[PDB]
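> Just to be clear, this is only the beginning of the complex, oriented as in the whole thing:
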Amino acid sequence: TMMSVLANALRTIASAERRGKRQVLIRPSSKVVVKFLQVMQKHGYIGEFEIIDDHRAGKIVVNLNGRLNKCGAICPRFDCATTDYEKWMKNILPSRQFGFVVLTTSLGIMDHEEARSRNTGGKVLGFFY
Amino acid sequence: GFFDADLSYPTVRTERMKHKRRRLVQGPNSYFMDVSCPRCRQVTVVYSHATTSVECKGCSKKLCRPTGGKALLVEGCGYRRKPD
Amino acid sequence: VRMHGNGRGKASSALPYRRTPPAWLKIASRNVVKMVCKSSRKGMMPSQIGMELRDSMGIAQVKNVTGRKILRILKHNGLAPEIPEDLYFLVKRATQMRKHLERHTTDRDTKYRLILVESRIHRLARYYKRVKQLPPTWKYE
């Protein structure tokens, strides 16, 4: 059965980007998925997206602009202190000049650069570049 | 051709050829009808996919033969699809 | 059926988005509730009650007309069945198979299906005991 909604959605987006598609439909949706997409949008990796209501777990239609290379989830969600950011950056990011690691913290869901500036740790959710 | 497709706003031709649970938003296939009676001429509301026995009150009471899909209506009655 | 066997079928009903009565339905809510209780006294189970109202009576989704579900109405009036409906049907199936197997002792296909049904009963009774719908010592035969 389906165990992780976030992992299912990120795999679907990555495949459509690799195949050169312009739009991709994601099902089912959740609050965590929407927050992850907004972090991507803020940094310019995807376009606009629309959430459709169906009285169940809804669906999302996302517009792609060709700038995304890969996105994926990290399972299980390992704990990350403020001293572990360097280790995660060197292990799953192509370089130190671009790419982001997404975390969930007490202050909300954010990328590693914002989290470090505010001096907070948390759990790793995924990545994109 | 020459026209792209928006996943968020599909065309009527594509949306019509879809399973009821494969549409953008799922929904029913059935409806209700107003049905008359043979030699009795009363009014009854009948489901389009009825499987139990639907009978006319105070009459022969034989109508709505059940099948594997839509129910069959006896030729002695007139039926009209109700709105909504 | 996916809990046991190799079936992968997907056939079910799809509820509508708009949960309002079609506005040609003139039955009041209190009449529908009395209409549900009368069918129960005749001896019908809640799943059969819903179909009788849907087929020849104009009422689809009793919950949309009267804000309550059929089993909730029966529980309030004291007409709920002693054993949950799905457990009653599974127990009845196991009894009919066991009666058949004493006359036909070489029907090895039926013996296989009986093991599947009895496992399902123990799994279902485990859940009902946890949510306190069954006595803690129900103990299927």
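Thanks, I have the structure now. Numbers count the residues shown, from 1 in each chain, chains lettered A, B, ... in the order given.

> Residue A:44: what's it in contact with?
Contacts for residue A:44 (CB atoms under 8 Å, 6 or more residues apart in numbering or on different chains) come out as residue A:67. From N, CA and C alone the C-beta is placed, and that goes for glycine too.

> ranges for the strands of chain B?
B:32-35, B:44-47, B:79-81 (DSSP state E).

> Indicate which one of those strands is closest to residue C:8.
With CB to CB as the criterion, residue C:8 lies closest to strand B:44-47 of the strands of chain B, at 28.5 Å.

> Please name the strands paired to that closest one in the sheet, noting orientation.
strand B:32-35 (antiparallel) (DSSP bridges).

> quick one: contacts of the strand it pairs with?
B:43-48, B:63-64, B:73, B:77-82, C:22, C:58, C:60.

> Buried only: go through the residues you listed for me.
B:44-48, B:63-64, B:73, B:77, C:58, C:60 (16 or more other CB atoms under 10 Å in any protein chain shown).

> ok, the residues you listed vs residue C:13, which is closest?
Closest to residue C:13, out of all of these and judged by CB to CB, is residue C:60, at 10.2 Å.

> Without its sequence neighbours, what residue ends up closest to that closest one?
residue C:54 (5.4 Å; CB to CB, 6 or more residues apart in numbering or on different chains).

> For residue C:64, see how far away the one you found is.
Using CB to CB, to the nearest Å, residue C:54 is found at 12 Å from residue C:64.

> between the two, who's got more neighbours?
Between residue C:54 and residue C:64, residue C:54 has the larger neighbour count (other CB atoms under 10 Å in any protein chain shown), namely 20 against 16.

> Surely that one is within a helix?
Yes - membership of residue C:54 in a helix is supported by DSSP: H, G, I helix; E, B strand; the rest coil.

> so who does it touch?
B:47, B:50, C:60.

> Show me what from chain C comes close to chain B.
C:10, C:12-17, C:22-24, C:51-52, C:54-58, C:60 (CB under 8 Å from any CB of the partner chain).

> now chain A
Listed as neighbours of chain B in chain A under the rule CB under 8 Å from any CB: A:23-25, A:50, A:52, A:54, A:59, A:61.

> Looking at these, which is nearest residue C:116?
residue A:54 (35.0 Å).

> what does chain A have sitting close to chain C?
A:54-55.

> put chain D on too:
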Amino acid sequence: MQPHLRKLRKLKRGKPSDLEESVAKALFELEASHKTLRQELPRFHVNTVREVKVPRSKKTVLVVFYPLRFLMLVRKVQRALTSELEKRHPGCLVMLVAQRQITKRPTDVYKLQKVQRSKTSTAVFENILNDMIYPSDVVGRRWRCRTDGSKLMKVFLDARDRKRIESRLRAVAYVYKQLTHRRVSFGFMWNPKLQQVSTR
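That brings us to chain D, laid onto the chains above:
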């Protein structure tokens, strides 16, 4: 003591306001002189009346609050009551809204389990929107997330009701923002089963 003052709240009938007195006057005169409203108005009364001015509208909105106990009472005669009150206030749009309570979302998991779902802001806000458009029903809902970061909610109505509600949509959106502090946009759908949008 004024017989028409019976149709107001017992707290506000001591020193009634001008707008409340006019509405209470119309309500009392309507009980005797209407076939449909004769059998429902004897048990009704109103909490308060508030007027809202829509910018660049040349029309005012009269919002009438009533207690939640009369929800099914008002729904039965919402259309007749609305038109009759409007025939007595030219240049105004009336809106019948019930008074609801909201429980602030708790920060404790054990408290969150005991919250009555009728009192969440999600359930209350959508019930207020249904009150303002009652003869119509929502056939769809979507949220659009712009690249800048704003999320806008769009509500779709049936196209068969366009001729009866189109002229009121601007006022509905403004009052909704005034009450719930949330934005809303409107659209119309011919054949909502297949999700077909009618752009006039």
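
> ok chain D is loaded, check the contacts of strand B:32-35 again?
Residues contacting strand B:32-35 (CB under 8 Å, 6+ apart): B:43-48, B:63-64, B:73, B:77-82, C:22, C:58, C:60.

> what separates the residue in chain C that chain D sits nearest to from residue B:10, distance-wise?
Evaluated by CB to the nearest CB, chain C has residue C:20 as its residue closest to chain D, separated by 5.3 Å. To residue B:10, residue C:20 is 26 Å away according to CB to CB.

> more crowded one of those two?
Neighbour count, other CB under 10 Å: between residue C:20 and residue B:10, residue B:10 has more, with 17 against 12.

> My read is that the more buried one contacts residue B:24, right?
Yes - taking contacts as CB atoms under 8 Å, residue B:10 lies within contact range of residue B:24: 6.8 Å.

> Between those two, which contacts overlap?
Shared contacts of residue B:10 and residue B:24, counting by CB under 8 Å, 6+ apart, come down to residue D:195.

> Can you report how many residues neighbour residue D:183?
12.

> buried ones in the helix or strand containing residue D:126?
Using DSSP states H and E, residue D:126 sits in helix D:121-132. By 16+ other CB under 10 Å, the buried positions in helix D:121-132 come out as D:124-125, D:128-129, D:131-132.

> Dump those into TSV; add distance to residue D:21 as well.
Converted to TSV, those look like this (distance: CB to CB, whole Å):
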residue	distance to residue D:21
D:124	29
D:125	31
D:128	26
D:129	29
D:131	24
D:132	24
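
> Turn the residues you listed into a markdown table, including distance to chain C.
Conversion of the buried residues of helix D:121-132 to a markdown table gives the following (distance: CB to the nearest CB, whole Å):
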| residue | distance to chain C |
| --- | --- |
| D:124 | 17 |
| D:125 | 18 |
| D:128 | 17 |
| D:129 | 14 |
| D:131 | 14 |
| D:132 | 16 |
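
> right, and out of those, which lies closest to chain B?
Out of these, the member with the shortest distance to chain B (by CB to the nearest CB) is residue D:129, at 19.1 Å.

> isn't the closest one right up against residue D:176?
Yes - between residue D:129 and residue D:176 there is a contact at 6.3 Å, judged by CB under 8 Å.

> From the structure, what's the count of residues near residue 16?
Since you didn't name a chain, this refers to chain A. 18.

> ah, I was thinking of chain D
Counted with other CB under 10 Å, residues neighbouring residue D:16 total 18.

> in which helix or strand would I find it?
Counting by DSSP H and E, residue D:16 is part of no helix or strand.

> also put chain E on there:
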Amino acid sequence: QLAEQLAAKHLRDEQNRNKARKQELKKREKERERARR
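To build on what is shown above, here is chain E added in:
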């Protein structure tokens, strides 16, 4: 003994509910007379 202690203290509330219903009806009767005159 525990059951008998619980039963009376939890089944005397029926009388209190009856008192509440009777009180409200009297207030309605008062309001109905007020509407009479």
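
> Could you re-examine the neighbour count of residue D:183 with chain E now present?
12.

> go on, residue B:21?
So residue B:21, with other CB under 10 Å, has 12 neighbours.

> quick one, helices of chain D?
Along chain D, counting by DSSP state H, helices occupy D:18-32, D:71-76, D:78-86, D:109-112, D:121-132, D:162-165, D:169-180.

> Which one, of those, ends up nearest to chain A?
So among those, helix D:121-132 is nearest, using CB to the nearest CB, at 10.6 Å.

> So which other helices or strands are in contact with the closest one?
Secondary-structure packing of helix D:121-132 (3 or more CB pairs under 8 Å, 6 or more residues apart in numbering or on different chains; DSSP states H and E): strand D:92-99, helix D:169-180.

> got a list of contacts for that helix?
Contacts of helix D:121-132 (CB under 8 Å, 6+ apart): D:95-98, D:100-102, D:105, D:117-118, D:137-138, D:155, D:172, D:175-176, D:179-180, D:182, D:184.

> check contacts around residue 13.
All of this is about chain A. Residues near residue A:13 by CB under 8 Å, 6+ apart: A:24, A:26, A:46, A:62, A:64, A:68, A:71.

> Chain D was what I was after
Contacts for residue D:13 (CB under 8 Å, 6+ apart) come out as residue D:5.

> residues near residue D:95, how many?
23.

> Show me which residues of chain E are close to chain D?
Going by CB under 8 Å from any CB, the residues of chain E near chain D are residue E:35.

> Chain C contacts on chain B?
Counting by CB under 8 Å from any CB, chain B sits next to chain C at B:20-21, B:25-29, B:32, B:44-47, B:50-52, B:54-55, B:64, B:82-84.

> Which residue lies closest in space to residue B:59, excluding its sequence neighbours?
Closest to residue B:59 by CB to CB, 6+ apart is residue B:40, at 4.1 Å.

> again, but for residue B:54
residue B:64 (3.8 Å).

> Surely the one you found and residue B:70 touch.
No - counting by CB under 8 Å, residue B:64 does not reach residue B:70; the two are 10.3 Å apart.

> would you list every one of the helices in chain B?
Listed in chain order, the helices of chain B (DSSP H) span B:12-16.

> residue contacts, the residue of chain A most remote from its centre?
Here the centre of chain A is the reference, and by CA atoms, centre = their mean the most remote residue is residue A:55, at 24.9 Å. Counting by CB under 8 Å, 6+ apart, residue A:55 touches residue C:17.

> All good on my end, thank you.
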